[PDB]
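# Examination of the molecular architecture
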Amino acid sequence: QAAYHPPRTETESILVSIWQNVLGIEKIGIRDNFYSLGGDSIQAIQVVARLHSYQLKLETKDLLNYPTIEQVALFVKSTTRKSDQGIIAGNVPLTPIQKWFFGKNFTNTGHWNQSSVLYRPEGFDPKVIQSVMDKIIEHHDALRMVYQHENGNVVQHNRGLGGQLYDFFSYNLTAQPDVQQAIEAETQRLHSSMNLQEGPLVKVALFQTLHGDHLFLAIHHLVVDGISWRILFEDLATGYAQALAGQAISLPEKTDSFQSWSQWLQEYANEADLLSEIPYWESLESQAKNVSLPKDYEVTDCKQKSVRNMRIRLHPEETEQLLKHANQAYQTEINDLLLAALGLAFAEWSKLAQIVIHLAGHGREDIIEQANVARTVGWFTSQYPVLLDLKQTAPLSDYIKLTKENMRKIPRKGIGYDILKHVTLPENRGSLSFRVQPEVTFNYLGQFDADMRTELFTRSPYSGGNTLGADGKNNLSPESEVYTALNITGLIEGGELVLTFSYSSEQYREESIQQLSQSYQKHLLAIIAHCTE
Amino acid sequence: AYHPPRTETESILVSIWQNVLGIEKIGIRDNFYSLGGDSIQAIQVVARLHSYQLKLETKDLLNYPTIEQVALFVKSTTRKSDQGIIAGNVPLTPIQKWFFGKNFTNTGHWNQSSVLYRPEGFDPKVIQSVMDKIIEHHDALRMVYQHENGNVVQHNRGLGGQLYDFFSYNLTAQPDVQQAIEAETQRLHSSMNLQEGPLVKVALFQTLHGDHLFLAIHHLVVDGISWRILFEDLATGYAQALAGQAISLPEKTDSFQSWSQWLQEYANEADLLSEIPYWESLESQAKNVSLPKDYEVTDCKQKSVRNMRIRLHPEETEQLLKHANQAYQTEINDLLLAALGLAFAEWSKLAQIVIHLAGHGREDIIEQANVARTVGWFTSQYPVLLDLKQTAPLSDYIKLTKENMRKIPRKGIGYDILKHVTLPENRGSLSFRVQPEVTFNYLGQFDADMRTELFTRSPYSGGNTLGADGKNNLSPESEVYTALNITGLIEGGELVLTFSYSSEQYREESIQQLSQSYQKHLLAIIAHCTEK
């Protein structure tokens, strides 16, 4: 790729240290390319967040455009803005995804969560866990959110301190061999216990066993997302190591509050930068209005109890090829290759000219000058329609370049559509109808190995239905409404890309989804082989 | 915030910094200098890394002064130093040629010493096992000195001979422990045999309330860094015997023999010879400076020498070591010599003063060489010229001292090599007529080295010291080699500075004024650098 060059300045040596940490990589030179090390925009945000703790400033854009430490060190400035380090309290306007959430009027709205389980061979100290979670919920203000009704309207309120920060539970499983089902059953019960009006939105359970402890964490989706989880794992590891060393628990400086973010986004929603996007989104709505997804059984209003999860794994070799080597061929980003595979799959499996997919993005785009949310806990996730052309699948090189072209044309990684749909004043929405209702969701959460696998703890092998993706069966009420016909969710855990196809048995036969998922696997492997051959 | 280690390298470095510096919990963003670290402690970090078979250059720690940064420059050790017995000839290094060149009366009585104390008492059998392993392991301690046709020859004995002289004193039934240790250690200091005998004296003084362990070593085979390695290996050996483990000391770094040999080559290489114009420039300026003396007196002897001491209390000492260097990005010698300059400016009519500065001498001049854990006399001495005219404002004088120090090539190690080892055909017209009148010798910090789980610095160290101030180290018949000898160290969390002078050359009141001036100026420098 390029020869090892050691750092030669304070700034370079700090960037090398940050990059080694964020990526899972032991020795990085200052001419090593961020993307060739497997970097993506989430890892770029993580570098920016860590830099902030040295009072050094960088935007996500700087890193991905100048993708080596030697180049990017020029753009590194001193932070001149200090974010609010105090207690955040009071009203927080509903952000776009929060308006979508409440708009769906889900049955058991209080049971719509993300979760994970951590494992520590040496066991966890319950007094330390409680000390660290205290500091975490004090520091990450949005976790203290509650949801009230004024006049049938939802009001989001950020509590101050002094109240219930989390519910803590301890289970002694040290004298029974059914640890695995005991964690599955107890975590399912805890998932059902979220009080949106009052109680905390964070559930913490220690399971003590003969051979190590597990720490379950469940958080209502309203106050968290995938980046937020990586920050929480970081502050859990830091705080735990600080307590073990007899040091005060002390977490990095706060970035901007979810409250301030949401407030600025209310303003952004009616400013020129976003409204410039309307002609793109109108063109998209015009070109997608008729597209429709075929099903095996015509059924209305499916529930999560009807949903089944079909998983595809790429082995470590093909995963590392995808993350590190594949993008170099056509200068793509990983979403270009994953969506190229998705197109080839729908072209094979269906007779449609075109498919509209609901794409998720991290949604921490630099849309607001002097906003920094690189280390802020909250639900920032964006969702936006993408039209995949299915007609022109050959040759493979043209279909990749075409997918890349489609993705490059989208304004500001699609964050604008949901702002237009849920916040922008009606009079500023041009002729947008917002009638595009994708029936296929694609959600690549990104990489978690460096966040979850630390010196103190790791991803529990008994995570079971407690996951960060929409596939974990414990995260949602069985009575919750299905919000997409095909939910395709993926992440990198244990060195492998794991893609789950979630579907209603009441809408599709298993066979139909085995064919779609086998087609996706075959074409993604062909893209990786093509790009690396 | 405390930032914990993340990798193995970061973890070995936390552990090493905590032991070297004597700080309990160190984070990976803690600044080496802010924790009170200087270049001696950087050398001790490198020596300890070497014991883990990890390689670091001192300058990498000093330019990247946090554990997270310095870990990026830690590499696997490629080269393994000689672990076997060292034997045979060893060329005289520069300070050793200076020493023999002085032709001191009673040259066998020119020592460094220290006394350790252990409340539980010392097991004399464990002491003798540990010292056996120490003198087997630290080869230079077995050196001997002979004339071969009126020329001094230095030989590193192998094993099997006398490693050290051991003595034991039962003082458990008398109140006069303090005077008995002073009188007995003074006798033992007189007993070094340069031709054959060990150059290590070990005395156990047993008392009703704990024991004292006296160590004396002829200066020819030891220095300040060497003493710290000896304290470390004594603590390690003694802890192993207590746990009933084999006594086992870390890996050897390069022998004094090898080092002296490489030095003979470095002395006629271009890098060194390049410094000659710098050194002949310093010699030129030095010719003009004569230190005033209350009495013009010839051939003074150590028996005329009197010690006048000042101490900075712990709070001031801690500010100097940890918070003062930030102000103008200085090193500790900058602030100590700025104070010396202001002291001499106030005390004398001179426009400039020439001081002989001492340094540890373990500079990275020889790329093969690793002496980070080697026992020997490495000390460098070099002239430094202090401006006594441009003394205000204080901020300008600190910056001016720093700039003066920054123009010195390779921490002054070159001057003595040019003076004593470089072939006369390569020496330029260097006169070496620049006599030591004022010596400044800051030995550095010893609390983390001497204060251990097993033992500590004895309150009855008395005239047995690592500095030249200790009255027992030198024969009363030894010639004074410097009119004003200013020796400093950190002990008991305090900077202790001694002004040693011949009572034949100065009134006590004269040295009272200089030492009080020094104290006032250093206190003023510390308040200035930390008040702002």
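Residues numbered from 1 in each chain as written, not as in the entry; some residues may be left out. Chains lettered and ligands numbered in written order. Heavy atoms only, no water. Residues with missing side-chain atoms left out of burial classes, pairs and counts.

X-ray crystallography is the method the PDB entry states for this structure, with the resolution given as 2.180 Å.

## Quick word on the overall build of chain A
Scanning chain A from N- to C-terminus turns up 17 helices and 16 strands. Relative to the globule expectation of 24 Å for 533 residues, the C-alpha radius of gyration of chain A, 23 Å, shows essentially globular dimensions. C-alpha extents for chain A along the principal axes are approximately 65 × 55 × 55 Å. At a minimum sequence separation of 6, the contacts of chain A that also span at least 24 residues come to 78%. (Helix = DSSP H or I, 4+ residues; strand = E, 2+ residues; numbered from the N terminus. Rg over C-alpha atoms; globule rule 2.2 N^0.38 Å. Contact = heavy atoms within 4.5 Å.)

## Details of the packing of aromatic side chains
Within this structure, the stated rule accounts for 53 aromatic pairs over all chains. When the ring of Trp-112 of chain A is compared with that of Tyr-483 of chain A, the centres are 5.8 Å apart and the planes differ by 50 degrees; the resulting orientation is tilted. Of this pair, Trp-112 of chain A sits in the loop between helix 5 (96–103) and strand 4 (113–120) while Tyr-483 of chain A sits in the loop between strand 14 (458–459) and strand 15 (486–493), and the two are 371 residues apart along the sequence. The interplanar angle of 15 degrees and the centroid separation of 5.3 Å between the aromatic rings of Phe-104 of chain B and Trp-110 of chain B together place this pair among those described as stacked. Pair check on accessibility: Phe-104 of chain B and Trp-110 of chain B agree, each one buried. Pairwise contacts between aromatic rings join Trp-100, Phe-101, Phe-102, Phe-106, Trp-112, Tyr-147, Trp-379 and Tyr-483 of chain A into one cluster. The ring of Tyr-4 of chain A has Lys-27 of chain A sitting right over it, with the charged end atom 4.9 Å from the ring centre. (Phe/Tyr/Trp six-rings, centres within 6.5 Å; stacked < 30°, edge-to-face > 60°. Buried < 20%, exposed > 50% of the residue type's maximum accessible area, 1.4 Å probe, protein only. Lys NZ or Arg CZ within 6 Å of the ring centre and 35° of its normal.)

## Looking at the domain arrangement of chain B
Residue and element names in this part refer to chain B. Here chain B is partitioned into domain 1 (8–76), domain 2 (88–253) and domain 3 (258–531). Inter-centroid distance (C-alpha atoms) of domain 2 to domain 3 is 25 Å. The interface of domain 2 with domain 3 comprises 62 residues on the first partner and 49 residues on the second. Approximately 4900 Å² of surface area, both sides summed, lies buried where domain 2 meets domain 3, with 60% of it carried by carbon and sulfur atoms. Contact with domain 3 buries area across many residues of domain 2, yet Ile-95, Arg-228 and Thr-253 alone supply 14% of it, more than any other trio. Counting the contacts that link domain 2 with domain 3 gives 4 salt bridges. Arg-228 is the partner of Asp-449 in a salt bridge, and the nearest nitrogen-oxygen pair spans 3.3 Å. Applying the counting rule to domain 2 against domain 3 returns 33 residue pairs in polar contact. (Domains from an automatic or database assignment. Buried area = accessible area lost by both parts, 1.4 Å probe. Salt bridge = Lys/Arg side-chain N within 4 Å of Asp/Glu carboxyl O. Polar contact = N/O pair within 3.5 Å; in protein donor to acceptor, adjacent residues only side chain to side chain.)

## Some details on the domain arrangement of chain A
Residues and elements named next belong to chain A. For chain A, the assigned domains read domain 1 (10–78), domain 2 (90–255) and domain 3 (297–407 + 437–532). Relative placement of domain 1 and domain 3: their C-alpha centres are 26 Å apart. Counting residues at the interface gives 17 residues for domain 1 and 15 residues for domain 3. The largest contributions to the domain 1 side of the interface with domain 3 come from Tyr-35, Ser-36 and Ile-45, which together make up 32% of the buried area. At the surface where domain 1 touches domain 3, the tally comes to 0 salt bridges. Of all the secondary structure elements, the ones that give two or more residues to the side of domain 1 that touches domain 3 are helix 1 (10–22) and helix 2 (41–52). Broken down by element, the side of domain 1 that touches domain 3 gets its largest block of residues, 8 residues, from helix 2.

## Here we look at the interface of chain A and chain B
Tallying the contact residues gives 18 residues for chain A and 11 residues for chain B. At the level of secondary structure, the elements contributing two or more residues to the side of chain A that touches chain B comprise helix 1 and helix 8 (226–244) of chain A. Among the elements that make up the side of chain A that touches chain B, the one with the highest residue count is helix 1 of chain A (6 residues). Residue composition of the side of chain A that touches chain B, by class: 5 nonpolar, 9 polar and 4 charged. (Nonpolar A, V, L, I, M, F, W, Y, C, P; charged D, E, K, R; others polar.)

## Things to note about the sheet that holds strand 5 (residues 145–150) of chain A
All names here are of chain A. On the basis of which strands lie adjacent, the open sheet formed by 3 strands has the order 3-6-5 and antiparallel pairing. The sheet is open, and its two borders are formed by strand 3 (90–91) and strand 5, each paired with just one other strand. Both strand 3 and strand 6 (residues 153–158) contribute to a ladder of 2 bridges, which runs antiparallel. Its bridge partner lying in strand 6, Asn-91 is registered against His-157. (Pairing = 2+ DSSP bridges.)

## Observations regarding the sheet that holds strand 15 of chain A
Residue and element names in this part refer to chain A. Taken together, the 6 strands give an open sheet; going across it, the order is 10-16-15-13-11-12, and neighbouring strands pair in mixed fashion. At either end of the open sheet lies a strand with only one pairing partner, and these are strand 10 (307–313) and strand 12 (382–389). The average angle at which neighbouring strand axes cross in this sheet is 25 degrees, direction not considered. Pairing analysis gives 3 bridges linking strand 11 (residues 354–361) to strand 13 (residues 440–447), with the strands arranged parallel. The partner of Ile-357 across the bridge, within strand 13, is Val-440. Along the sheet face, helix 11 (residues 278–288) touches strand 11 and strand 12 and points at about 55 degrees away from the line of strand 12. (Axes fitted to C-alpha atoms, helices over the stretch in contact; angles between N-to-C directions.)

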